[PDB]
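Remarks on the structure that follows.
Derivation of every value follows stated rules applied to the coordinates shown; laboratory data play no part. Here Cβ is always computed from backbone atoms with ideal geometry, including for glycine, and neighbour counts include all displayed protein chains.
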Amino acid sequence: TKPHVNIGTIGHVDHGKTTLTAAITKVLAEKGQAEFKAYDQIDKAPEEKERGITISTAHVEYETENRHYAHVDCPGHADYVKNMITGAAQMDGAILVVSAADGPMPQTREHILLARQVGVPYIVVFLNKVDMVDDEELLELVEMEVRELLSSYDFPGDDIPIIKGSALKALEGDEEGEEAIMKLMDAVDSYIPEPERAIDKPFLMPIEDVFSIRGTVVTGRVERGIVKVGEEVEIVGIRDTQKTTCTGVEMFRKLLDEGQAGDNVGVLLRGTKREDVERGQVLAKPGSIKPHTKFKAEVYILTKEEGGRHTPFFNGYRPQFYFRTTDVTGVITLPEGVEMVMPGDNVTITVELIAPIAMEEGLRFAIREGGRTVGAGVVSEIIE
Ligand SMILES: Nc1nc2c(ncn2[C@@H]2O[C@H](COP(=O)(O)OP(=O)(O)O)[C@@H](O)[C@H]2O)c(=O)[nH]1
Ligand SMILES: [Mg+2]
């Protein structure tokens, strides 16, 4: 019944991300809309090893009167870099926690930057520890700096909701703290939009295999949107884009009239040659996506223990980039002042592939070396 939304607390270590998370569950639990999770339950988040990468993440759920939320909170900076780049925890919005006494700190800056690189749509701020600041004019100045920092990374710093409170007071049952928590959740309900359904997006299916029996059939999972018998589709990319019509959709022993987000199907293509279709291309609504060879991306480089490299790479490093279904070789260019990239670092890079790929901001990929994963990335900018 209630719409679902995924959010999380970001911010510098020790500014109160975990205390605020606990306070949210406590106050909403007091309204009969969540189970209360204490500070220690959340601070001691379990390790989850997906694909060699190990990440500590606390998962709580709670509801307002309008929505149902899934909430992620992580102990260490490194955990946020990982989750945000790999996508192990998506965020329809983020709650930025900033200590009112200390103000923005390096990881406050980095999480805003990451939030923009990976496409976190919108941010709300909880300006925490107001009980340690006794001067109103000091409070306004720190709020002012936060809005500038947000705007310096293209978020609407002038329009973002910033709620001032004390998560620890709220957790002690203080009435003024609890009101701050509800001001925060009222802003989350109002300012963070509900995510677009996958089935409502323009059709896109990555091609995993190609067959010629009836004619040419391609198999894969429909990533988003719907494809119906009789509709036109474009084939992107690697080669010049081309257009055809869907004449059939099917599973095991089951013909279909349509294929929609989440379905594993085979799609009949009319008059398309098998040699003109190959793994790595995608089917898509005509005009909805384009092929590109060059782009910028935010990447996380796996550590030795995570199965990655154990030596840095330098400008001109030439690995394979795994987009959806296959590798494509590309050359890496490093930022202006960056000289090397150590295992475990995150950095923004420019890449030029040797072949085009259907590409768009927010597309995730792996970096591979010798058939081994060495990095994970997110396309942050297209370069034509
Ligand atoms: N005085 C005060 N201390 C707080 C507040 N919120 C959190 N703290 C303290 O700040 C320290 C770190 O808080 P924590 O939530 O673990 O920060 P995190 O690293 O972002 O998760 C703890 O000792 C908390 O008790 C607050 O509103 N006021
Ligand atoms: Mg914490």
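Odds and ends about this structure:
- Across the range 143-149, rounded Karplus estimates of 3J(HN,Hα) from the backbone phi angles (6.51 cos²θ - 1.76 cosθ + 1.60, θ = phi - 60°) give 4, 4, 5, 4, 5, 4, 4 Hz, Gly and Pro being marked x.
- Values of log10 I(q)/I(0), in the order q = 0.06, 0.10, 0.13 Å⁻¹, for the chain under a Debye, Cα-only, solvent-free model: -0.28, -0.74, -1.10
- Where the Cα pairs of the range 11-124 fall when distances are cut into 5 Å bins, in %: 2, 11, 21, 23, 22, 14, 6, 1, 0
- Using a Förster distance of 22 Å, the FRET efficiency for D186-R109 (Cβ separation, nearest 0.05): 0.20
- Charged side chains reduced to their Cβ positions (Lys and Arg at +1, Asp and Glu at -1) give the range 198-290 a dipole of some 60 debye around its Cα centre.
- As a rough guide to protection, the peptides 60-68, 335-343, 265-273, 111-119 ranked by mean Cβ packing within 10 Å, highest first, stand as 111-119, 265-273, 60-68, 335-343.
- Cut-off 20 Å, label 7 Å out along Cα→Cβ of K228, residues of the range 250-285 by amide N: 250-251, 255-270, 283-285
- The shape of the range 291-384 can be summarised by an equivalent ellipsoid whose semi-axes, obtained from the alpha carbon gyration tensor, come to 20, 15, 11 Å from longest to shortest.
- Near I192, once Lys and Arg are set to +1 and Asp and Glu to -1 for all other residues with Cβ below 11 Å from its Cβ, the sum equals -2.
- Sum of side-chain charges, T25 neighbourhood, beta-carbon under 12 Å (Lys, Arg +1; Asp, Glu -1): -2
- Here the range 198-290 has an Rg and Dmax of 11.6, 34 Å, counting Cα atoms alone.
- Magnitude of the charge dipole for the chain, about its Cα centre and with charges confined to Cβ atoms of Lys, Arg (+1) and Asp, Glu (-1), is about 2540 debye.
- Relative contact order %, the range 2-195, counting alpha carbon pairs below 8 Å whose residues are six or more apart: 24 percent
- Cα-projected label distance for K31 with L141, points at 7 Å along beta-carbon direction, nm: 3.5 nm
- Calculated log₁₀ intensity ratio I(q)/I(0) where the Debye formula runs over C-alpha points of the range 2-195, q = 0.20 Å⁻¹: -1.60
- Within the shell defined by Cβ-Cβ distances under 13 Å, the residues around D131 carry a net charge of -2, with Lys and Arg each +1 and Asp and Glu each -1.
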